[PDB]
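All residue numbers in this chain count up from 1 along the given sequence. When reading the values below, keep in mind they use all heavy atoms of this one structure, side chains included, and skip hydrogens, waters and symmetry mates.
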Amino acid sequence: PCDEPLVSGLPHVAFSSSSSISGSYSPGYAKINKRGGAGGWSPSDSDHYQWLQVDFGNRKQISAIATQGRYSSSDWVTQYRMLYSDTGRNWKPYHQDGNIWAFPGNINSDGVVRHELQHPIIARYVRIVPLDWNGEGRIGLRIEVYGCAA
């Protein structure tokens, strides 16, 4: 199977984001079941144009993704898009059931929600783009991406 956790072991330098509320919300804190910093990533502004990015360093085959909100807070993502690229540019949106896919997100701060992809993708870089978030807070996010070397 192609389902090893690809994010949990990455150093901070593998993560980037559109913005962060502060250093404690840096994108390297966006790891499921971990509570460092603010307990997850949050951008300084919550809209439809933020992103959390991971660079796996080379191409990985990806079979599933999992998300959580920001630890013990009102910040969580309720639906999201996934984009991927081999180059870091020309992002490709993940498609499922005939359209760009909106993944159901979280409904609380700490439940993990894992989705098996209909079809695996191959990518060096992944971006998670929040589409909506909890109305009583902001975007807050921790992730895992499951896969293997391409």
Side-chain angles (χ1 to χ4, degrees), residues 1-21 23-43 46 48-73 75-97 99-133 138-150:
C2 183
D3 60 5
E4 314 150 19
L6 300 171
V7 175
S8 60
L10 294 178
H12 277 285
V13 290
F15 295 80
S16 57
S17 60
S18 47
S19 69
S20 62
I21 288 177
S24 304
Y25 289 85
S26 289
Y29 294 121
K31 293 183 172 182
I32 61 168
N33 299 313
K34 297 192 208 308
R35 299 170 176 180
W41 169 72
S42 300
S46 285
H48 297 359
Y49 303 96
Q50 306 302 309
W51 48 267
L52 170 68
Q53 176 173 308
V54 294
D55 177 9
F56 299 122
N58 61 29
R59 293 196 324 149
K60 309 295 182 195
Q61 179 166 323
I62 293 162
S63 61
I65 61 182
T67 66
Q68 248 180 335
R70 183 173 71 84
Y71 171 61
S72 191
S73 77
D75 300 337
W76 62 83
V77 173
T78 56
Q79 54 178 76
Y80 59 92
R81 184 170 298 186
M82 177 170 62
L83 312 175
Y84 57 100
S85 176
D86 285 351
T87 65
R89 297 170 266 100
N90 307 115
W91 295 93
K92 295 171 285 187
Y94 174 79
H95 284 70
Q96 176 161 317
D97 297 346
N99 307 87
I100 295 176
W101 188 245
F103 288 91
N106 296 101
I107 53 168
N108 52 34
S109 61
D110 288 274
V112 177
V113 173
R114 177 172 174 159
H115 299 299
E116 300 303 313
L117 302 187
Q118 175 195 14
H119 59 92
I121 58 160
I122 298 176
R124 174 179 167 182
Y125 304 84
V126 169
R127 282 188 179 184
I128 302 301
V129 175
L131 298 170
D132 206 352
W133 54 91
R138 298 299 165 105
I139 291 164
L141 187 59
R142 288 171 288 170
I143 75 174
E144 186 53 83
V145 179
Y146 298 93
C148 61

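When atom types are taken as modelled, the side chain of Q50 and the backbone of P130 share no donor-acceptor pair closer than 3.5 angstrom. Judged by distance alone, the side chain of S46 and the main-chain N or O of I139 form a donor-acceptor pair under 3.5 Å. The backbone N or O of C2 lies less than 3.5 Å from no partner atom in the side chain of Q61, so there is not a single donor-acceptor pair. Here the side chain of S26 pairs no donor or acceptor atom with the backbone of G28 at under 3.5 angstrom.
Counting non-hydrogen atoms of other residues, nucleotides and ligands closer than 6.0 Å to CZ of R127 gives a total above 12. In the displayed structure, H119 atom NE2 is contacted under 6.0 Å by more than 12 heavy atoms of other residues, nucleotides or ligands. Residue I107 places its CD1 atom among 12 or fewer non-hydrogen atoms of other residues, nucleotides or ligands, all under 6.0 Å distant.
Between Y25 and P43, the closest side-chain pair of non-hydrogen atoms is not below 4.5 Å. Inter-residue side-chain proximity for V112 and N33 is flagged as met; some heavy-atom pair is nearer than 4.5 Å. Between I32 and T67, the closest side-chain pair of non-hydrogen atoms is not below 4.5 Å. A 4.5 Å side-chain heavy-atom check between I62 and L6 finds at least one atom pair inside the cut-off. Between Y94 and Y84 the shortest side-chain heavy-atom distance falls below 4.5 Å. The shortest distance between side-chain heavy atoms of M82 and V126 falls below 4.5 Å. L10 places a side-chain heavy atom less than 4.5 Å from the side chain of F56.
Put simply, OG1 on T78 and CG on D132 are 3.5 Å apart, with the number rounded to the nearest 0.5 Å. Here the CD1 atom belonging to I65 is positioned 10.5 Å from the CZ atom belonging to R114, to the nearest 0.5 angstrom. How far NZ of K92 is from CG of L83: 11.0 Å, rounded to the nearest 0.5 Å. The structure places CG of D55 at 8.0 Å from OG of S16, a figure rounded to the nearest 0.5 Å. The distance from atom OG of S42 to atom CG of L141, rounded to the nearest 0.5 Å, is 8.5 Å. Atom NZ of residue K31 and atom CD of residue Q68 lie 13.5 Å apart, to the nearest 0.5 angstrom.
Looking at every heavy atom in both residues, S109 comes nearest to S73 through CB-O, 3.3 Å. Of all heavy-atom pairs between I122 and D86, the closest is O-OD1, 3.8 Å. Closest approach of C148 to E4, counting heavy atoms only: CB-OE2, 3.8 Å. For the residue pair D97 and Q118, the shortest heavy atom distance occurs at N-OE1, 3.3 Å. What you find for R81 and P93 is that their closest heavy atoms are CD-CB, 4.5 Å. The two atoms that bring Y80 and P104 nearest to each other are CE2-O, 3.8 Å, heavy atoms only.
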Q) Can you list the steps and then say if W101 with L117 is a side chain to side chain contact (heavy atoms under 4.5 Å, CB included)? A) CA-CA 10 Å; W101 188 245; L117 302 187; over 6 Å; no
Q: Would you please test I143 and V54 for side chain to side chain contact (heavy atoms under 4.5 Å, CB included) and show each step?
A: CA-CA 10 Å; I143 75 174; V54 294; 4.2 Å; yes
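Ring centroid separation for the pair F15 and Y29 does not come in under the 6.0 Å cut-off. Aromatic rings of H115 and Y146 (six-membered ring for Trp) have centroids beyond the 6.0 Å cut-off, not under it.
Relative ring orientation between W91 and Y125 is described as perpendicular, the plane-to-plane angle rising above 60° on a 0-90° scale split at 30° and 60°.
By the side-chain hydrogen bond (donor to acceptor under 3.5 Å, both in side chains) test, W41 is found to be paired with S17, residues two or more places apart in sequence or in another chain being considered.
Looking at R142, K34, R70 one by one, the single match for salt bridge (charged side-chain N to carboxylate O under 4.0 Å, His left out) with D110 turns out to be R142.
Side chains of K60 and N58: a donor on one and an acceptor on the other come within 3.5 Å. Side-chain contact, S63 with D3: no donor N or O sits under 3.5 Å from an acceptor N or O.
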